[PDB]
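First come two forms of one protein chain, each written alone as C-alpha cells, so that there is a structure 1 and a structure 2.
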Structure 1
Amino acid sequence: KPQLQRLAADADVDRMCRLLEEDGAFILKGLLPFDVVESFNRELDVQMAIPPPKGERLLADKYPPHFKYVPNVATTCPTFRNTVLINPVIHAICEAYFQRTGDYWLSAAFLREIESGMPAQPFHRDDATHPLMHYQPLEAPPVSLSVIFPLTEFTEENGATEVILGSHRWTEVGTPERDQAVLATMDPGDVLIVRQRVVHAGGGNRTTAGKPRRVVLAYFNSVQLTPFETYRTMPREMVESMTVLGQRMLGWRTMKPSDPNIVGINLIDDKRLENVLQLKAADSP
C-alpha cells in the first residue's frame, strides 16, 4: 500500500510541489533543530498550564472535549513567532505553492493536545474555514496550505495524523473509512505538509499511560482570504520585534495578490499599511 513520501529537509522545492499535486501530502524529515522544538514546547507548557477562560470560547464550545486547545500561538510563543513562522524552507515551499495566486499569509496557527483515551477526530478538509474554497476547480490557483508540526512523536498508538492520499480529487468528503488513510508517523522536528482539499484527521490517542500527543497546525492562506485569527491586537512592541516576513504573515503589512490585481490589498489612505503605522521591524532598521 502506498505511503506518505518522506523527504530530506534540503530536498528540491519543485519536487515537493509535484508531490502535493500527485499525492496531496508529504513529510519533511528533521526540519527543526532539537533546541527549537524544545523551547517551543516549554512555551506551550506555559499556556497549557493556564486554566481555560470562564466566558465564551468560540471554537472549543462547538466541539466535544476530545482535545485541549491553545489558540493563536503566535501571540504567546516567541519561538513560533520569531523562528518557526519564518522558517526558510517552509517559505520556499509556500512561494512555489502560491506562485500563481500571489502573496500568502497566516490565517491561523494553534496547538491541540490529545491526551490518553481521546477518540479520533472526524475526517475533514481545512477548506471549511472559507466555504468558497469548495467551488474552486482543482486547476485553479491554490489558495490554502496546511503545515502540521509534530511537537511530540507521532505513532500508530498515540493517533498520528491520518491522511487520505489523492483525496483532493474527490468532489465531496463523504464518510470515509479509517483504513483508507495513511499514518503520518513522525519524530519531533519533522513537518507534515497537506495540500488544499486533502482529506485528513487526527488519530485519537490509544496509549494507556503517557504524555499527550502534541501537534501545532499552521494554516497559510492566500492574502485574498480573511485570516481566521486576527493578530491586530498584538502589542506594538511585540510586532515591531518581528522581522518583515513575520509582520507580513500576521497581517500588519500591505500584501499583493497576483494580477489582475495590480495595486495590492490591506492598504489604507492609498498608502502601505506599514508606512501609515510607521511600523519598525527587527530586520528593517
Structure 2
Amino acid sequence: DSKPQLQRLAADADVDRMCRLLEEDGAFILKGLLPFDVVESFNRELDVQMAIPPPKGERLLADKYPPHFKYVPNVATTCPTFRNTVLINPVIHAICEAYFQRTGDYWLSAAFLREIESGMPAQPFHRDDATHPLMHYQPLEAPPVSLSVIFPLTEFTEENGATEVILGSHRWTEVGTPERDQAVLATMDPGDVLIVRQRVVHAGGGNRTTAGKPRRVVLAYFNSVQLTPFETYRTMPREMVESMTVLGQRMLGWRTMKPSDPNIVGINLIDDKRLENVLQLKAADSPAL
C-alpha cells in the first residue's frame, strides 16, 4: 500500500526500537511470538468456555447484547495456556517495562475474547479510554498508563476485518471522524501480536467474509497499577494462584505493587505490609528467586 505500514518484528527484536515505534507510529506487530501449538491449545480452552450454555443470572456486558454475541471474560481464570504461557511472555513484559518506565508498575486490567462472525460491520474509530474515563483528560506528554495488546487467534485479513490502525494518531487532539483509508491493516497470522499505544486511534475491522469462519481476537489491557483492574482475579482459588509465577501473581493483582515516585511506599497493600506477605502467598518460581 502507498501509505507507510505497520512494522512487523521478530520476537527477538530490539526493545529501544519497539519503544520508539510506539512513540512515532503508535503501534507495531510482533511476528510469531506464540507457537502454533500454544495458539491452538488456547483456542480449545476458549472453545470450552463458549460451549457453556448461557447462565441463569445477570451478565453485565452480555445482557446488553443479542444472544448470538460471543464473549469470554477474564480468560486467565479459565484458560491455563493464557495464565501460564501467554500472560508472562518475556517479550511482552520487556516492552511493558520500557513503556511504563515513567509511570512505574503495571498489571493486567482485562483479558477477554471477542469473536466477530460474518456479516458484522466495522467498529467506529475510537481511543481505548472508556474503561477508565480519566484517561480521556490525560495529556499526551504525561506518563502513559495503559497499553493495548491484541492477540489474533484466527487469521487477520483484509476480508475478515483485520484491526485498523491510524499511525501517529495519538498526536491528534480528538478522534473526530477519520475516513477508513487513513488507517492501515494489522493483517496477522495466529501467534502474531499487535501492540497499540495509548491514544492511538483504531477500530475493529468487521467481518465481510461469507464462508462462515468468524474472526477471533483476545484483547489484553495492561495498565499502570494506579488504575483499578476492570477484571478482579481475587476470587481465584489459592491453589491456582500459588501455581502461577510471581510475575503471574503480580499481573493478576495478588501482590503489592509500586507506582513510580513520588509514590515511595507503593500500592495495593494492607497493615503496612505487602499483600503477599499478609496472605503468605507461595509461588511456583519463588525458590529460584
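Between two forms, the rigid core is the largest collection of C-alphas that superpose within 1.5 Å. Counting starts at 1 and follows the sequence of structure 1. Shifts are known only where both forms have a C-alpha.
Q: Align both forms on the core first, then report whether residue 260 has a C-alpha shift of 2 Å or more between the two structures.
A: No, residue 260 moves less than 2 Å.
Q: Spell out whether the Cα of residue 245 moves at least 2 Å between the two structures when the two forms are superposed on their rigid core.
A: Stays below the 2 Å threshold, so no.
Q: Superpose on the rigid core, then tell me if the C-alpha of residue 33 is displaced by 2 angstroms or more between the two structures.
A: Shift of 2 Å or more: no.
Q: By how many angstrom does residue 66 shift at its CA between the two structures when the core is held fixed?
A: After core superposition, the C-alpha of residue 66 moves 8.2 Å between the two structures.
Q: State the core-superposed CA shift for residue 147 between the two structures, in Å to one decimal.
A: The alpha-carbon displacement, core-superposed, is 0.6 Å.
Q: Keeping the rigid core superposed, can you check how far the CA atom of residue 52 moves between the two structures, in angstrom?
A: Spelling it out: core superposed, C-alpha of residue 52 shifted, distance 2.9 Å.
Q: Report the moving segments between the two structures: consecutive residues, 3 or more per run, each with a CA shift of 2 Å or more after superposition on the core, given in sequence order.
A: Runs found: 51 to 57, 59 to 67, listed by sequence.
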